[PDB]
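When reading the values below, keep in mind they use all heavy atoms of this one structure, side chains included, and skip hydrogens, waters and symmetry mates. Chain identifiers are assigned alphabetically (A, B, ...) following the order of the sequence lines, protein sequences preceding nucleic acid strands; residue numbering begins at 1 within each chain.
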There are 2 protein chains.
Amino acid sequence: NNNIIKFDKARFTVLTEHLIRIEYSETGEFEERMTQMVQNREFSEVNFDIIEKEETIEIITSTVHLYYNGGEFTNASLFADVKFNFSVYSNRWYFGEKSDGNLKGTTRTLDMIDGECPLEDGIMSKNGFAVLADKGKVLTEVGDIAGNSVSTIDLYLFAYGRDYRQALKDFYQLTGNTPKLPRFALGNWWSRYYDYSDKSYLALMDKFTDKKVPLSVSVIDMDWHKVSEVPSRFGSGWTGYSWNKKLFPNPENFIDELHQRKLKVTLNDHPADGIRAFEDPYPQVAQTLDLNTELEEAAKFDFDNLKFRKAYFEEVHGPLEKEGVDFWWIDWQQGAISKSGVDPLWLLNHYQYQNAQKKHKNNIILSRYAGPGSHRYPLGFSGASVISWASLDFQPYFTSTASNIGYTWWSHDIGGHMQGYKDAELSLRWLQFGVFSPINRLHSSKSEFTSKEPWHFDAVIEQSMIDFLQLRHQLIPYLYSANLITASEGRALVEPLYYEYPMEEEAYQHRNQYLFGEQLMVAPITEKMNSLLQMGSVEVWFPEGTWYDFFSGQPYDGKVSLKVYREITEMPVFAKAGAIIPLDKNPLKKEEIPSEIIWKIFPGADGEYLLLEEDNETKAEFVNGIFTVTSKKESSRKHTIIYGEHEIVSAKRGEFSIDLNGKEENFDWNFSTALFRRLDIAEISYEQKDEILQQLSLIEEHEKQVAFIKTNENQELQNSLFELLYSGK
Amino acid sequence: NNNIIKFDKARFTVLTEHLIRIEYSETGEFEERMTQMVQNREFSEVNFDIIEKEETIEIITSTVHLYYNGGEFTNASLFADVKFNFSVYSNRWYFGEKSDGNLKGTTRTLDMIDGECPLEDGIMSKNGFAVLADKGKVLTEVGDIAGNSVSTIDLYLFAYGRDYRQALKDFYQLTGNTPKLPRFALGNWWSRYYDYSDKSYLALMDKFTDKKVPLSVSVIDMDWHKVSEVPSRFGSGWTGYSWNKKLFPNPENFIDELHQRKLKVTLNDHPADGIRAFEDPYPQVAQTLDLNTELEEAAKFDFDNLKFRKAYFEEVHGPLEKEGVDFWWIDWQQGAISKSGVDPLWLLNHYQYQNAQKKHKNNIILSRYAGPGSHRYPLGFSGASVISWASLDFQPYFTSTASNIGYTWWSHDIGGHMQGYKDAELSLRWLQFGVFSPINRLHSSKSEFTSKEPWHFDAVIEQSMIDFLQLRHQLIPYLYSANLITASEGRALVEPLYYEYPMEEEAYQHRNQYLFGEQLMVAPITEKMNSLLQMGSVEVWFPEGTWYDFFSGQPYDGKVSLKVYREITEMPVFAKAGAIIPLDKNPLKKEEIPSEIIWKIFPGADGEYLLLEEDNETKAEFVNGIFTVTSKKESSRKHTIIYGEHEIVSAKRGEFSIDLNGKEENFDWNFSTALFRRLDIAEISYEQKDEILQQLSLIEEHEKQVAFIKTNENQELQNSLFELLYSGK
Ligand SMILES: OC[C@H]1O[C@H](O[C@@H]2[C@@H](O)[C@H](O)[C@@H](CO)O[C@@H]2O)[C@H](O)[C@@H](O)[C@@H]1O
Ligand SMILES: OC[C@H]1O[C@H](O[C@@H]2[C@@H](O)[C@H](O)[C@@H](CO)O[C@@H]2O)[C@H](O)[C@@H](O)[C@@H]1O
């Protein structure tokens, strides 16, 4: 190709104006095969310039000068200057050196992590460049490990500046797009490390129904299999493939009962101890792999081995799938060691994700992160987080930052996994985040005390958790449409603020704030409430524009950074003027696609929303106060329209237009009501409540209302009253 | 042998069902010679199974699957699964990787350590396996360094589960048993880094006699030799082999005076600066080693050199031994560097211990730890600890943990060596520990202020120190018998609780608690007293059974964890019902073996004790209330019997039986007396003392006495009163 240049023992491939592959080969042969990371090097032709001399070469694109002075790659022989001025002297890449600016990516797991842990670099940098080293093995055409690359150094130089979304799109072109999730993945999951019986598990599922909590997935953790019943001469019961018959005397009947309740079923698989001689599938595996059964030779875990993988999928997973298991929870914690040098977690995720496609369309796994490109094998499973405010306070940042290495379907244990401390408010705040996260999977440790059941908690916490869990199912249309946009267009559901606002310094200073799809901006509260206010808080950056609280309609004039206060039952979620958000009107109703959609419209600007579905596309347009709904294909679906406050149209069938110009634009939210509520719940002196209510009611000029609150001895009460005055300005 | 298997470039020797030697050789030759660590690979034949294929081999014992997939040893090619379930997923060894569970071993020294330091691994693991790498040089038949092993990798896989005692016994079979100590090593040692004269040293020894403090050993520290008198052109006076004639004008006469007082004599040797031209032995060494005397060529320290070692033993140590020096204090702090790659400390301990056997039977050294197998060269010398509560609080744990690498004769500086802070209570608590430690050597720094003389302190501390120092000599029969059991049966004097109680979680949660021989359990107090109670405390785990305070007879019903309180003059030491402890009746009497033994019997169960001596064995049996004493050989020895409280038999000669069924079983210890004493010393309000004494005397029901103390505002006073109520239940 014209986009390929060889010089000395190096090869340079200009894939885009902003993406260059850099290779070294001692043998003069360069690698064309796919790798664990890279699935596609076919990119459209681009323009660039070369200065080639006897001893040096310079490649020049719109954004980078790449220099190579010959010989082995060193920090002196191979380096690049970006054509940007984001920094004063951090604009140069040197081979093998780190530079400042990397916005980070993700890491394997949150196992044993209490609050923050270090992350790996991503492809995004504030200074406009990043290098992604390909250190993986080569694949065969069908996707088996083929061995070592002939490109003994193989690098990707990203020089996208702050065009983060295009960097991610081209990353997906190189490493392959995320597959589409199935709709069931986007609902509530129930999970608990608890030794349920068939009877007590179904009783709990029927209790969820009675309690008005919708579920899409039934996880069965490791007590599904033999544990204490495993003879100690075999080792532990951690790995198992044999039903505990006391708890599950008829597995297929139990899974049929979950299927009748419209639940998808997954089992915990700890693969590391393989198939030992006590297991129900051992006789078939032993025959297939020619094991010495009289010496009880184990089929040790070996995912490098084709015969082992075949026996694992066909003779170990196969019978369980025949009993009705829908997909696999791969729960690997036993290290990165294999004869091939390929991480066993990568081999599991790559091969299990492929195998899952045989029994179901668009199937998933649930497994830990296995390095760049492992977004091809959703879903991510972050694992055994410590239950703490610190862990919750890290998790939104962790989740949005992961989009910087394209790993956009993290499923966290909602409420935290293990250890840590009880606080029903922490559980409630964690569920609020989970509902506005990629995946909402409730899960917990082997403790008698860590159940995430809403009715574990008092009546106030229970009702709020049920409300948020119902909200998750109202959001499934929005989530599923965003899912198809991840798969087809390479856009993350969860974006850091700096994707949309790359030149705003405040977009780098609100770590836990994120865009959730294209219509909603989320600022979860991740700190214990101030008991004097009976409210939690978070500093929100409002971009330019008019913003509304998604729930209350409280308005905010951007651009501003403003501390916002919410009771423990309320979450800061915001929509711009013109936002249109579809909601399922019947989130409890078991139906493959919603029979009724609520179109929730935020007044004050034009907008539009495209609802992508399995078998349809529905466009909602809001232009000069006219709201129109059209679909590719006709259906019996009934549309409800909510314009700000008021339901305008109920259950209208087919395509239509309606003029909202003559309809009430304003939400109910008002300063006086909100003020009374904040003063009333506050654990402060009644004389202070009386004086604040009286003075803020009497003083007419906004600047003097602000001067009055500025004299308050309670600094946080000042900030709370200021938020109300700012919204009421 | 049938217990030897070769595969690819590896050799496997199944030594026991639980011990496998693993070797790699590039040359196809494997190492049969002894190493610095390994003295014996002759073990009885055991049964095991092999699965041998073209490309892989599995060795199967009762406790382990060892796997080798061929090629170089890597974490992927060489690994093992234990046949235990102590952990859920820590049951696999990978070559070159660390696993969880190791209970630790020891380290070279406590030089400069204030409190805790890291330890090396031992052979004991809660998860049931450990690997001991042999990285040492090979020896010749006579025990000189021969060079590099032909087994370029040589490992021992221990898979004993929690059978810690058998692991240690088989370690001793592999590395050689600890030699027997001489009886004199088990008495009190006097030492001080102080420039005594012959006259002032003998005056101090005669003061010990006047003060009723028995001593076995007289240490003379480095001021025995020239120090400030060394010309600076030679370097320092740290190394020396020449008596300071001002302080010791007639060395042989001074050593004769110590010998007349029945003291063994050792001198400090700092070897690192060798024999320089100013030294008294230099002319003879210079002639032997062909040194250039007109250029004053030093005989530099070189323990790799046979001629240097010979000149060191014969011409440097030899003349000092002729003057009466009994054994060598090797005080090496100058690093691990030698041309051979053998640690100079190992060469010193190995060769000096061997050389010490020429002049005396069962002789010792005193030197720092030199790695696994260096237990062959007792005694251990921990060195220059910082004087602090933190150092004392580490030391019992340090001492018992060392049994996990078979190094069971640590001698710590009792009271701490240097720096740190004065606190007479710290000195007293440290001596209490020392008396119940492997070796009781009083030692201290060059400070005018750090003498460990009891009469340095006030009358209360002095009398308590004298009492404990007399107790050490009462314990010599018990210690000497345990010493012969270390040498012949591979059982440590000091054991961690988990040797006796491997399946009790509490046996892993009391770091400073230990078994001391087979009859006594020790819980030293290592924290400054609570001034409100005038008592120190430690949480004691009492195993199942009835336990008695060794000193008071206070009873405790196991199994329980209970905070116990003692005045600064009292130490928590416990014996089970049926315990029999021999004591020397005449600890001050200079005699090679005791003329009188007290048999101290704890009522409530059967028991027995075997007293091993130089030239006898005496069995004490307590069966259905009949106490019998028999001996292999007859003697004039007089036996005293103490049954609980009461001396039953005084000074009875020869073998005999006596029926104690009709004798008072109960100790005097009573709740009311102990209660009055604790309230009386407490620095609390007299109104509180009055109310506690009155209410605990009046309230009859035990549960209501406990409810009464539960209301006390002093939380530690609650725990102290609770200990008394628990003992009085
Ligand atoms: O399948 C059970 C459980 O396994 C993993 O978590 C474990 C955790 O619950 C346990 O406390 C620790 C202690 O060893 O080990 C694992 O981390 C898995 O992450 C979790 O989701 C499962 O519920
Ligand atoms: O022989 C004297 C002394 O030497 C060693 O301890 C030294 C110590 O007392 C001194 O303060 C420091 C400072 O350099 O050096 C050595 O650690 C030896 O450990 C000790 O037992 C001796 O008493």
Side-chain angles (χ1 to χ4, degrees), chain A residues 15-16 18-19 39-40 43-44 103-106 122-125 130 132 158 160-183 185-186 362 364 369 372-380 396-411 436-439 475-504 507 513-522 543 573-576 578-582 607-614 617-620:
Chain A
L15 295 169
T16 77
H18 323 299
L19 181 59
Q39 291 308 273
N40 171 51
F43 282 69
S44 65
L103 289 156
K104 307 302 306 186
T106 203
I123 65 174
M124 310 305 173
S125 169
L132 184 67
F158 286 76
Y160 285 83
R162 293 188 184 178
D163 189 350
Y164 307 124
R165 291 202 180 103
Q166 190 65 50
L168 181 52
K169 280 198 54 136
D170 291 355
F171 172 86
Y172 282 133
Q173 191 169 329
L174 181 70
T175 61
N177 276 29
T178 309
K180 301 185 291 167
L181 302 190
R183 181 183 291 258
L186 298 179
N362 304 132
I364 57 160
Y369 169 78
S374 68
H375 61 273
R376 284 192 314 266
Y377 318 121
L379 305 167
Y397 166 78
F398 180 95
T399 305
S400 68
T401 306
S403 291
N404 293 345
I405 198 56
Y407 199 74
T408 72
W409 290 115
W410 272 123
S411 171
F436 291 89
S437 82
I439 298 294
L475 287 171
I476 289 163
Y478 185 85
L479 285 159
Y480 185 71
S481 186
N483 157 55
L484 293 187
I485 289 298
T486 301
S488 70
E489 292 183 13
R491 194 192 182 109
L493 167 70
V494 177
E495 293 182 331
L497 289 171
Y498 49 78
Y499 283 26
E500 179 71 20
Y501 308 102
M503 306 304 307
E504 296 287 336
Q513 196 172 326
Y514 52 99
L515 299 193
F516 178 82
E518 298 182 56
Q519 303 285 335
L520 292 173
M521 183 175 68
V522 185
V573 178
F574 307 95
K576 269 195 291 184
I580 302 160
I581 300 101
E608 58 176 334
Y609 183 83
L610 188 62
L611 184 72
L612 307 178
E613 290 181 299
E614 287 89 341
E617 306 190 3
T618 305
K619 190 186 195 171

Next on the checklist: Return the CG to CD distance between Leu610(A) and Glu518(A), rounded to the nearest 0.5 Å.
Outcome noted: 9.5 Å
Checklist entry - Is it true that a side-chain atom of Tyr172(A) and a backbone atom of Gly406(A) form a donor plus acceptor pair closer than 3.5 Å? => result yes
Checklist entry - Rounded to the nearest 0.5 Å, how far does OG of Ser400(A) lie from OH of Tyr499(A)? => result 8.0 Å
Checklist entry - Which atoms form the tightest heavy-atom contact between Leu493(A) and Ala482(A), and what is the distance? => result CD1-CB, 3.6 Å
Checklist entry - Checking side-chain contact (heavy atoms from CB on, under 4.5 Å) for the pair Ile364(A)/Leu181(A): CA distance, chi angles, key distance, verdict? => result CA-CA 7 Å; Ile364(A) 57 160; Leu181(A) 302 190; 4.1 Å; yes
Next on the checklist: Using a 3.5 Å distance criterion without hydrogens, assess whether the side chain of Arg376(A) forms a donor-acceptor pair with backbone atoms of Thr175(A).
Outcome noted: yes
Checklist entry - Less than 4.5 Å apart, any side-chain heavy atom of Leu174(A) and any of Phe171(A)? => result no
Checklist outcome for this item: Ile123(A) and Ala130(A) have their tightest heavy-atom pair at O-CB, 3.3 Å
Next on the checklist: Please check: side-chain N/O of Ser374(A) versus main-chain N/O of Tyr369(A), any donor-acceptor pairing under 3.5 Å?
Outcome noted: no
Next on the checklist: So does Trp410(A) get a backbone contact from the side chain of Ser437(A), meaning a donor-acceptor N/O pair under 3.5 Å?
Outcome noted: no
Item to check | pair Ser403(A)-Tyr514(A): side-chain heavy atoms closer than 4.5 Å | outcome: no
Checklist entry - Is there a donor in the side chain of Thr16(A) and an acceptor in the side chain of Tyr160(A), or the other way round, less than 3.5 Å apart? => result yes
Checklist outcome for this item: Closest non-hydrogen atoms of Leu103(A) and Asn404(A), given as atom of the first, atom of the second and distance, are O-ND2, 3.4 Å
Checklist entry - Is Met521(A) close to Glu500(A) at the side-chain level, that is, under 4.5 Å between some pair of heavy atoms? => result no
Next on the checklist: Between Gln519(A) (side chain only) and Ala579(A) (backbone N and O only), is there a donor and an acceptor less than 3.5 Å apart?
Outcome noted: no
Checklist entry - Hey, does the side chain of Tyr498(A) reach the backbone of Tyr164(A) with a donor-acceptor pair shorter than 3.5 angstrom? => result no
Checklist entry - Closest approach of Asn177(A) and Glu489(A), non-hydrogen atoms and distance? => result ND2-N, 4.3 Å
Checklist entry - What residues form a side chain to side chain donor-acceptor pair (under 3.5 Å) with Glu613(A), not counting sequence neighbours? => result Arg637(A)
Item to check | Test item: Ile439(A) and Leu186(A) side chains (from C-beta on) under 4.5 Å apart, heavy atoms | outcome: yes
Checklist entry - Can you find a heavy atom in the side chain of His375(A) that is under 4.5 Å from one in the side chain of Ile405(A)? => result no
Checklist entry - Of all residues at least two apart in sequence or in a different chain, which pass the side chain to side chain donor-acceptor pair (under 3.5 Å) check with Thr408(A)? => result none
Checklist entry - Do you see a donor-acceptor pair shorter than 3.5 Å between the side chains of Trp409(A) and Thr486(A)? => result no
Next on the checklist: Using side-chain heavy atoms (C-beta onward) and a distance below 4.5 Å, is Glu617(A) in contact with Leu612(A)?
Outcome noted: yes
Next on the checklist: I need the minimum non-hydrogen distance between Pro179(A) and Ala487(A), along with the two atoms involved.
Outcome noted: C-CB, 4.0 Å
Item to check | Nearest heavy atoms of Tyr407(A) and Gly380(A), plus distance in Å | outcome: OH-CA, 3.2 Å
Item to check | Atom NZ of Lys104(A): over 12 foreign heavy atoms under 6.0 Å | outcome: yes
